[PDB]
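Take a look at this one chain, the form deposited without this ligand, written out in structure tokens.
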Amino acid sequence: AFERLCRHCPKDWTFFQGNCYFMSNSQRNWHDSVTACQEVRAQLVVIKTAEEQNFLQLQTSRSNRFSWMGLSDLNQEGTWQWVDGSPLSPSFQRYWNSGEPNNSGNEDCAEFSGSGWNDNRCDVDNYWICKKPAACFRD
């Protein structure tokens, strides 16, 4: 019975597989999107599974919106790393759109666009997506 009581999300957030997702109503740059999610006790979305990627990408592909995710190459090595410190894994490289990542022109931040991901300049104003765990409590 406990699973059924562990699906609580804030209003205007979407539940998927144990987490809650917020799609913003306005646009900010990448770093300000990181901070926006922190302010609501969440994180600019870090994708952990293919199923999660498919869920998120489907919301994007319908919308024609560009949305920041919690992924950048902002480190000494210049490697793609999620904001929780985890590296971008080999099996997720299939999610970049054709032509991406450019890995040039300081396109250091990742965004959802269409059926996949782009790298883009971090000063661009995009929508953003936050993720936080769903809450467990009685009803």
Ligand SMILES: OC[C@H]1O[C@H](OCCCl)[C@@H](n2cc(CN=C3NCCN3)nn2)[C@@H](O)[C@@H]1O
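Only residues modelled in both forms are compared. The term rigid core refers to the maximal set of C-alpha atoms that superpose within 1.5 Å between the two forms. So that there is no doubt, residue numbering starts at 1 and follows the sequence shown.
Averaging CA B factors per stretch from the PDB record, which one is higher: 126-134 or 12-20?
Looking at the record's C-alpha B-factors, the answer is 12-20.
Regarding 47-55 and 27-35, which shows the higher C-alpha temperature factor on average in the entry?
Per the PDB record, 47-55.
Would you mind checking which of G78, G70, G114, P101 has the top Cα temperature factor in the PDB entry?
Highest C-alpha B-factor among the listed options: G78.
What third of the chain does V83 rank in for C-alpha temperature factor, lowest, middle or highest?
For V83, the deposited C-alpha B-factor lands in the middle third.
Within this chain's modelled residues, let me know which third the CA B factor of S61 belongs to: lowest, middle or highest.
Within its chain, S61 is a highest-third residue by C-alpha B-factor, going by the deposited values.
So where's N97 on the chain's Cα temperature factor ranking, which third?
For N97, the deposited C-alpha B-factor lands in the lowest third.
Can you tell me which third, lowest, middle or highest, the CA B-factor of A42 falls into for its chain?
CA B-factor rank for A42: middle third.
Beyond the structure shown, there is the form solved in complex with this ligand, which is absent from this document and is the topic of what follows.
The chain here is shown without this ligand. Which stretch in 105-113, 71-79, 39-47, 85-93 comes within 4.5 angstroms of it in the entry with it bound, by heavy atom distance?
That would be stretch 105-113.
Determine whether any heavy atom of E100 comes within 4.5 Å of a heavy atom of this ligand in the entry with it bound, and answer yes or no.
Flag for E100 set to yes.
Taking any heavy atom pair closer than or equal to 4.5 Å as contact, tell me whether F66 reaches this ligand in the entry with it bound.
Contact with this ligand, yes.
Does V124 reach this ligand in the entry with it bound, with heavy atoms at most 4.5 Å apart?
Residue-level check for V124: yes, a contact with this ligand.
Which residues in 26-59 have a heavy atom within 4.5 Å of this ligand in the entry with it bound?
Stretch hits: zero.
Once the core is lined up, would you list the consecutive runs of at least three residues whose Cα atoms each shift 2 Å or more between this form and the one not shown?
Those runs whose C-alphas all shift by 2 Å or more are 76-78, 103-106.
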